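Trainee: 3D, please:
(chains A and B, ligands or ions: 6)
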There are 2 protein chains.
Amino acid sequence: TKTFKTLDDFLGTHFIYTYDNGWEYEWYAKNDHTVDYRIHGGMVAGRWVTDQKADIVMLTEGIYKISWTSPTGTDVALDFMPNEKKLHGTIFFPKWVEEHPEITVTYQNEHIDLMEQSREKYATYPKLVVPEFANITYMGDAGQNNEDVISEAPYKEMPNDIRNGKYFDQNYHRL
Amino acid sequence: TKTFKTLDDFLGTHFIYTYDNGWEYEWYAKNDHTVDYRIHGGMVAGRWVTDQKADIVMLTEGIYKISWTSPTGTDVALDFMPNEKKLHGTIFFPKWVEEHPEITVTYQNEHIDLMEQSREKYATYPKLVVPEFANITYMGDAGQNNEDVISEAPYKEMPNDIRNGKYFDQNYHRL
Ligand SMILES: [Ba+2]
Ligand SMILES: [Cl-]
Ligand code: NA
Ligand code: NA
Ligand code: NA
Ligand code: NA
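Mentor: Numbering: from 1, shown residues only, chains lettered A, B, ... in the order given. Ligands and ions are numbered 1, 2, ... in the order given. Below you will find the coordinate block:
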């Protein structure tokens, strides 16, 4: 077990977690203004995102808050409490994402224009707000600016492969 | 200052705080699902809200997170660290609020239809995201469900009057 104490301790960390609503997420603090993530279970499962710009601060010792807005229109605020293996996230979904979640299920980086066209075309209100705690199931020190971390679409067995030490090498690159 | 340990300690607390951009806000935890607030500084100074529904939780001992979405379309995630006199809030404004702030500068509770109509008529994107720490300059033990706390429009010297103990009586009523 390592104690998370500084912003530097947190950056470069690679998380897997399950929300209290059953939803399984994966998230990486690439650097101090960039996040990658990959969704395994729930409404928008299969979706993954690299190079998302984000405000990342340490609130107080060992507690980390991350904010970003998405090309879909989705707003996010994550609070990591890694010394307790816990997280809290609020996701503010536009109405169209709840109605048509599969539109967002893709490699978003290749379909930015689709997301921007969708968010203006389809309904935004009422919003779906998902305020939930999560248990952290995996913590890896990937280092900052590591391109191998979230570099492919999710598959059924992927979270287990990572948790079991059968996905990355000693240097945290994929085999 | 009292030590905040539990969710109970937090509920019924009346705050005034200045964000790092200089924006003075005031905010009250009326109950476990309801917030009242009043704005004294910045883009939407003069705006006040009551009976806004919100998700309110204790993240970890003495740290609190509040999530709500507004009739304006605005998304808010607030993190309180009252034992440090520090807070962090992320506000996600629709483009239209940045472009027409003065529509929202009113008692919202009397102009709900105008807010809902404007969020549909004007632009949602790009969002203006305001990630900032605040310094807490006032903490009042207002008790839960006190309708007097935020019951009038802000005036210039109002935060001073509250800080200076000239606004409420001994039972935390305006008079
Ligand atoms: Ba698709
Ligand atoms: Cl509101
Ligand atoms: Na995104
Ligand atoms: Na990556
Ligand atoms: Na203040
Ligand atoms: Na303001």
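Trainee: State the distance from whichever residue of chain A sits closest to ligand 2 to ligand 4.
Mentor: Ranking the residues of chain A by distance to ligand 2 (C-beta to the ion) places residue A:127 first, at 12.3 Å. Yep, even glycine has a C-beta here, placed from its N, CA and C like the rest. Taking C-beta to the ion, to the nearest Å as the measure, residue A:127 falls 29 Å from ligand 4.
Trainee: Repeat that for residue A:148.
Mentor: Using C-beta to the ion, residue A:148 is found at 6 Å from ligand 4.
Trainee: What distance do you get for the residue of chain A closest to ligand 2 to chain B?
Mentor: 5 Å (C-beta to the nearest C-beta, to the nearest Å).
Trainee: contacting residues for the residue nearest to that residue when sequence neighbours are not counted?
Mentor: Once flanking residues are discounted, residue A:127 sits nearest to residue B:69: 4.9 Å by C-beta to C-beta, 6 or more residues apart in numbering or on different chains. Neighbour list for residue B:69: A:92, A:127, A:129, B:75, B:76 [criterion: C-beta atoms under 8 Å, 6 or more residues apart in numbering or on different chains].
Trainee: Next, residue A:37: phi, psi?
Mentor: Dihedral pair for residue A:37: phi -160, psi 160, per degrees, to the nearest 10.
Trainee: so what's the closest residue in space to it that isn't next to it in sequence bridging to?
Mentor: Leaving aside its sequence neighbours, residue A:37 sits nearest to residue A:27 (C-beta to C-beta, 6+ apart; 4.4 Å). Beta-bridge pairing of residue A:27, defined through DSSP bridges, involves residue A:15, residue A:37.
Trainee: Residue A:27: neighbour count?
Mentor: Neighbours of residue A:27 under the rule other C-beta atoms under 10 Å in any protein chain shown: 23.
Trainee: quick one on the thing from earlier: what about the residue of chain A closest to ligand 2, neighbour count?
Mentor: 20.
Trainee: Which residue of chain A lies farthest from its centroid?
Mentor: Distance from the C-alpha centroid of chain A, by C-alpha atoms, centre = their mean, peaks at residue A:121 (25.7 Å).
Trainee: ok, for it, nearest residue in space, not its chain neighbours?
Mentor: Spatial nearest neighbour of residue A:121, excluding adjacent residues (C-beta to C-beta, 6+ apart): residue A:96 at 7.9 Å.
Trainee: what packs against the one helix or strand that neighbour maps to?
Mentor: Element membership for residue A:96, per DSSP states H and E: helix A:95-99. For helix A:95-99, the elements it packs on are helix A:112-121, strand A:128-141, judged by 3 or more C-beta pairs under 8 Å, 6 or more residues apart in numbering or on different chains; DSSP states H and E.
Trainee: For chain A, list the residues in contact with ligand 3, please.
Mentor: Chain A comes close to ligand 3 at residues A:49, A:52, A:70, as judged by C-beta under 5 Å from the ion.
Trainee: Name the nearest of these relative to residue B:35.
Mentor: Residue B:35 has its nearest neighbour among these in residue A:70, at 25.1 Å by C-beta to C-beta.
Trainee: which of the helices and strands packed on helix A:95-99 is buried the deepest?
Mentor: Most buried of those, by mean neighbour count (mean count of other C-beta atoms under 10 Å in any protein chain shown): strand A:128-141, with a mean of 17.
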